[PDB]
Amino acid sequence: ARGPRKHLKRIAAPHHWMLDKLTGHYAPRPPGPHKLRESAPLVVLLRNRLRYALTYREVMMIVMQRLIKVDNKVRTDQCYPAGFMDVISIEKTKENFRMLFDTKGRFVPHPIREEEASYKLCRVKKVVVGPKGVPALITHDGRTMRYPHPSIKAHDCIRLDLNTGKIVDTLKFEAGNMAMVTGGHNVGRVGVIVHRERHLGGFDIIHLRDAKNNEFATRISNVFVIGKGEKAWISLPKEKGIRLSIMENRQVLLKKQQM
Amino acid sequence: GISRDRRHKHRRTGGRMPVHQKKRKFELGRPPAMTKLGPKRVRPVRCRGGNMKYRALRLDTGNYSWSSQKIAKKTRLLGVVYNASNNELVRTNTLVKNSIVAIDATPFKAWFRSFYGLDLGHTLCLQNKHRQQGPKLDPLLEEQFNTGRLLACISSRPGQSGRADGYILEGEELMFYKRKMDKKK
Amino acid sequence: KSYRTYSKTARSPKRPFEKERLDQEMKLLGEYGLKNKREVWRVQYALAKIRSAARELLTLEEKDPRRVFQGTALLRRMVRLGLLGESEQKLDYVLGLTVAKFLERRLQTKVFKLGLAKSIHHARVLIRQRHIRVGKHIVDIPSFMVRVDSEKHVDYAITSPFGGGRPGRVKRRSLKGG
RNA sequence: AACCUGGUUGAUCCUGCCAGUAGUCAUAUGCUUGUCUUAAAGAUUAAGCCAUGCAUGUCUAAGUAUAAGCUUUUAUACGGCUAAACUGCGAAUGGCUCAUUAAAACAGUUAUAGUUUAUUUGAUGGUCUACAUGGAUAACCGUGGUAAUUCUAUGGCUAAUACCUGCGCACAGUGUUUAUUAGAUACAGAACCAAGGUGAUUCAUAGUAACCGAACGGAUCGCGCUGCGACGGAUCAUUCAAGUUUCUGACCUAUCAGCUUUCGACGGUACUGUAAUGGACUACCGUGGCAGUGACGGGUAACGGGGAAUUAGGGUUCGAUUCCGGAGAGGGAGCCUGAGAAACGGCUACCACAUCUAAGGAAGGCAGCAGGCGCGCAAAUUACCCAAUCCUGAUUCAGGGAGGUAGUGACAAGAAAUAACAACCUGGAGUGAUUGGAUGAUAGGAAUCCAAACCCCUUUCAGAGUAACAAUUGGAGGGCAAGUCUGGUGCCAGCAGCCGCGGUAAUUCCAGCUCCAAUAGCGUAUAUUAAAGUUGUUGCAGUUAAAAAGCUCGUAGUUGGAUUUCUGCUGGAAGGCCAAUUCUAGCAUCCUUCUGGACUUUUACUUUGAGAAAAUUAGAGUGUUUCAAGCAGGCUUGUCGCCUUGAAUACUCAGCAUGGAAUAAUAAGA
RNA sequence: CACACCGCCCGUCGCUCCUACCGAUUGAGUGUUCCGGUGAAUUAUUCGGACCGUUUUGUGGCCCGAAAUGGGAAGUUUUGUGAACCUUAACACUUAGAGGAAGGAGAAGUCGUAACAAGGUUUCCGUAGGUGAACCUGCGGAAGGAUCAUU
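Residues and elements named next belong to chain B. In this structure the tally under the stated criterion is 27 salt bridges over all chains. For the salt bridge of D60 with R76, the shortest nitrogen-to-oxygen distance reads 3.7 Å. Linking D60 in the loop between β4 (52–56) and β5 (61–66) with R76 in strand β6 (residues 71–82), this pair joins segments that are 16 residues apart in sequence. Of the residues examined, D60 reaches a relative accessible area of 28% and is grouped as partly exposed.

Let us now look at the arrangement of the chains. One finds no contact linking chain A with chain B; the least C-alpha distance across the pair is 10 Å. One finds no contact linking chain B with chain C; the least C-alpha distance across the pair is 29 Å.

The environment of RNA strand D is formed by 193 residues, the closest being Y26 and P28 of chain A, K22 of chain B together with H122 and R166 of chain C. Restricting attention to atoms of RNA strand D within 4 Å of the protein, one finds that 78% of them are sugar or phosphate atoms. One of the side-chain N or O atoms of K238 of chain A is found 2.8 Å from a phosphate oxygen in RNA strand D. Note that a phosphate oxygen of RNA strand D is positioned 2.7 Å from one of the side-chain N or O atoms of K8 of chain C. Residue classes in the surface near RNA strand D are distributed as 53 nonpolar, 65 polar and 75 charged.

Attention now moves to the packing of helix α6 (residues 107–114) of chain C against helix α7 (residues 120–128) of chain C. Working note: a packed helix pair is described by the angle between its axes plus the distance between those axes. Residues and elements named next belong to chain C. Orientation of α6 relative to α7, taken along the N-to-C sense of each, is 110°, at an axis distance of 9 Å. Judged by the inter-axis angle, α6 sits roughly perpendicular to α7. The interaxial crossing formed by α6 with α7 has right-handed handedness. Contacts from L107, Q108, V111 and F112 in α6 reach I120, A123, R124 and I127 in α7.

Bringing the interface of chain C and chain A into the picture now. Across the contact, 9 residues belong to chain C and 8 residues belong to chain A. Surface buried jointly by chain C and chain A totals about 850 Å² across both partners, of which 65% is contributed by carbon and sulfur atoms. Summed over the three residues of chain C that lose the most area to chain A, namely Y3, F69 and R76 of chain C, the buried surface amounts to 65% of that side. Where chain C meets chain A, there are 0 salt bridges. One can count 1 residue pair in polar contact joining chain C with chain A. Split into classes, the residues belonging to the side of chain C that touches chain A amount to 4 nonpolar, 2 polar and 3 charged.

Moving on to the sheet that holds strand β17 (residues 223–228) of chain A. Residue and element names in this part refer to chain A. Pairing is antiparallel in the open sheet, where 5 strands are placed in the order β16-β15-β14-β13-β17. What marks the edges here is a single partner per strand, and that holds for β16 (215–219) and β17. Neighbour-to-neighbour, the strand axes of the sheet open up by a mean angle of 45°, direction not taken into account. As judged from the 5 bridges shared by strand β13 (residues 177–181) and β17, these two strands associate in the antiparallel manner. By the bridge assignment, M178 is partnered in β17 with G227.

Let's shift gears to the layout of surface pockets. Residue and element names in this part refer to chain A. Counted as a void, the largest pocket has a volume near 600 Å³. Taken together, 19 residues make up the lining of the largest pocket; nearest its centre are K35, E38, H140, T182 and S221. The set of elements that each furnish at least two residues to the lining of the largest pocket consists of β9 (120–129) and β17. Residues belonging to the lining of the largest pocket are distributed by class as follows: 5 nonpolar, 9 polar and 5 charged.

Reading the values: the criteria
Residues numbered from 1 in each chain as written, not as in the entry; some residues may be left out. Chains lettered and ligands numbered in written order. Part of a larger assembly, values for the part shown. Heavy atoms only, no water. Salt bridge = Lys/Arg side-chain N within 4 Å of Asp/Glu carboxyl O. Helix = DSSP H or I, 4+ residues; strand = E, 2+ residues; numbered from the N terminus. Buried < 20%, exposed > 50% of the residue type's maximum accessible area, 1.4 Å probe, protein only. Contact = heavy atoms within 4.5 Å. Near = heavy atom within 4 Å. Polar contact = N/O pair within 3.5 Å; in protein donor to acceptor, adjacent residues only side chain to side chain. Nonpolar A, V, L, I, M, F, W, Y, C, P; charged D, E, K, R; others polar. Axes fitted to C-alpha atoms, helices over the stretch in contact; angles between N-to-C directions. Parallel < 35°, antiparallel > 145°, perpendicular 65-115°, else oblique. Left-handed = near helix turned anticlockwise from the far one by under 90°. Buried area = accessible area lost by both parts, 1.4 Å probe. Pairing = 2+ DSSP bridges. 1 Å grid on protein atoms, 1.4 Å probe; cavity = no way out; pocket = protein on both sides within 12 Å on 5 of 7 lines; lining within 4 Å. Points joined across faces, edges and corners; volume = space filled by probe spheres on them.

Written as structure tokens, this is what we have:
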């Protein structure tokens, strides 16, 4: 009541962080570009994915060196919400991490090449006219690129340059274009787009087809266009967003563990 | 204070509504400034957000747009003439929205001489061009000008803005309110 | 307040006094050398988890994707645990299990089966007195239950007199005393 | 484990309850208690009352340093380092409790074109003495008052990112307030004259005519013609939110049937008010709104839900309590500051309690953490620390009874000691204190653990022979497993959940001996679940056992006859198995407007799909020594370690969407 | 009825105890909200202007005449929000009461004999009247009768 809540609790955290039940009563709380449940804070990358830090203390000792950057910019706050399709860049080690969705429905820092780690994609939420009658995009990231093409519509991605501010490569939202899912049940799945239903009132949905010919649906808010009909602007994680079945995921896992 | 909420007062069934909560600041109202004629005074009320909302208390003057001619002049007020809601507000001369008011009409008469040169009671070319471009003036507005007055509807909310603005009455609105002025007489 | 799950391993029967029941339980104490009737009811309860799992699965359909997944996981446990033999992998066979199958698999018997212990009672005392290496590390607890690849592996602990260490304490008292 | 035994009779078969039995990860209580792991704990009644101490503070190269402070380096504005104080930000989170509260709250599901939003992230912007504007305030110094406090006056200096002013092109910006034009879209054109964005708008935005000062357009700070970032503040998104808001949903009660209104009840017009929408409020005007499908009122030993207990299925009862909402800080009410409070570890007032007083006055709110009194059947230490987990701040550094660690602890859950083996009478493997030699309970080290102790796990010097290191708790007529034993008592004392024992031979009392059941536990009391097909939808009963209105009409309610493109052959894609089963195109006269959706009356129903927090629950994987658990691990003389490591998945009426030939409502009747 | 007609068993009356009921006292106390009355504090508003300073002249060669006009205290006007207390009434819940009159329990008393057999007047129903008590009688029913039955 009475104002914004400064604590978040463990358990009442998101499940896709995979913070454990014991070993803490509270969990780190991420406001930044991204939402609370559609992001992951910079602490649980460093300690609970990348395994650089042990403790919450040690993440302060890393981040206040000014070694961590995101989007070619130094972020000093340890609880910064670093979300979908943000680049992370550490100068020592000289390795870069683009955050994608894993096929199971988790965040994972996908390691990438140095030339690839310049650019990143931003799907545009809407397009809107600012003052002096100038046009302007706005993104899922909460950037606002201005003077686009007239070409560029809602619900489609743009390759940003990052080294400079400006856009470079557009993409369109149509049938036969590659598209990852960012939320809901089918998260972490990439497939070409077959068809979308309108439903003139609320909630457009899209059916789309995995590269092993599995068909599945999501709302348009969740869908995020990568690239053209086959091929893709970005590098993909392990499995490339197929999501193999429950008995298959059993068989591959226990076949691994026997060595 | 003044509670705007629906937790007091009845249900649609005619049943008392249970209330288990104390009054909330976001369910606020405030005492109404029945603003009037006089020399200007105005009070900045600090509202939710931090945002200021300026309460009128006495207003002499106002910006009033003539619609057809497409001009607006700053003008003094004389008196409140009619109100739709309450006859007590006309009795005290209380300015509110939708309230019909008297106006000097010497700003418009000076403009109408200067712009057109038909009048009421090198350029010349510019005046002629303006006349061709836009001056017949209704028969009732011709009679209305002779007194040195006009009639006009207050369009702004004085309590929120801290400002009397309006527009001049013309055509069907003007013919309408001339009935209900004359009917009480 | 603390986030720790917990459960009950056993539960008592509805009839306290039946001569049919009390005789057949007393045989299972006498064969396998058990402390009390809770140790039977533990295994009685532990079977009924596995049995009610198979009872749920077996009603459906052999081509149903729930049964083919959850059945094959359940059959892996019974092969691993050495409870059902590998020649029959049918889910139907799990139903034909008994308490004697579980109680032959625990470490009281598998010591005795090994034969080092000699007698059922002695085997329990050897387990609790810190002998008998199962695999790499020694095990203190009668109700262990062995996973069939591990069963060949049971041997006396490296430490201890049977094993080849200091001879406890009482042999030293005789040896140093003399 | 989808379970049943005793009791009505001289005996039988019934209906039928009473008693027995079992569970609770439900309280209380009795007797008993060796070990290690985990761990509920002043909820029930008194949301009754509180002594003492503690629980919210905070500083960077970067707002303000003349401490009459420190410190060795010695600086003509300012060497650094810093007490104190001003300014900034926080104190509205967290924690605790369950008294209120029954279409209220809450839950899932919409909407915000009906709005505010510190901060974060990204944008934007010359247009109005400019080598720099003004005068007061602490701390400090001097000095008092009062019995007394986080009471403070008079006098003298001095600061700003405090407070307040305030020129400016390279008439004239942006914002506010009103008026008002554009904001196009199913088709081509001809002749004559004077192009953002939604399903959808009055939206974005541009333009025109004026309005006001009450708001922005930097009089700020650090490292280094020139870079980097600290702070400030406006508009627009963004994010953390919050406020309203659509639909559907709840326990008992009819010995509650008619509620609501002139003083807002239901609606209309026009104000007002609000952050905005609204009878939210005010004027006039109409006479409505809800109810037998339960309105209105009453009861709750009622905060709601996620969930918990309960061994077929269907259910019944519980949910103060780990998470998410809600409400409250003795009772009510009012209000300041701020982005945000109707705040109580903020203030003002009354009422109810209560503290100090020198008797004039002053101060108080443990349903925060311990602790005490009192209520009770009923509940722990006035302990140590920010090391883990997170949060606040000017912030790598400071603070935190949030939180963690220990103590008390048979509320509870898990594992399992109290012996084992020999040789030396019953002989068809068990006994026999007859001797006999072969691991921790304990006590103290070592290292390990720990913020500092402590426990666990390792290894150590001692450490059992009636293994005196001695297992108890309830029973022995039936139900109910186990003595027609032996003394004492004599319808006495007492037992006895029910039936029944006791009147001088007691298979039940009070003892002894022996045996039975469970076992570090077991008995009792209350509530609750199964048994209960003794509340019956699945699933009872109503001739005589409990029970068919004396009999007809009858409105809702419930339930309603048959009947409307069925058959056949030829493909196609799949398909299990040594052609069946799915789905689908044609042809028997079968639409089209176009290049996937429009029409087929409308739903229910069923199918698949969307979206819906975790914890808990089921469940994949994994030797926490087993196990309850936990979410970890596993390989390996290799070192940018690898398994491009794992932590799957299901589950969550009403609402949104969709394929479909029956069934059932419903519509109709060119 | 089964201890078997020396059976079983009904009601008044008498004695002792326990539980509830009616009951004059215009009973009693606690709690709740209804109109009405008085009404603390306070938002807003009205005037008000302790003394703080901006210019303007006055005047002693930065003091004091004063006139304009920003800031703003105490006090004050009218509203609304409205605690608290009181009167009346109603509703809710505990609670006293002389006397009256139920039910069950004792464990055995007094008076009958009503029912169970044709229980010695068959039993029973509805209704009415009467009597120490069970009960009795009138009118119409029923077999649960003591008759499934005869021009």
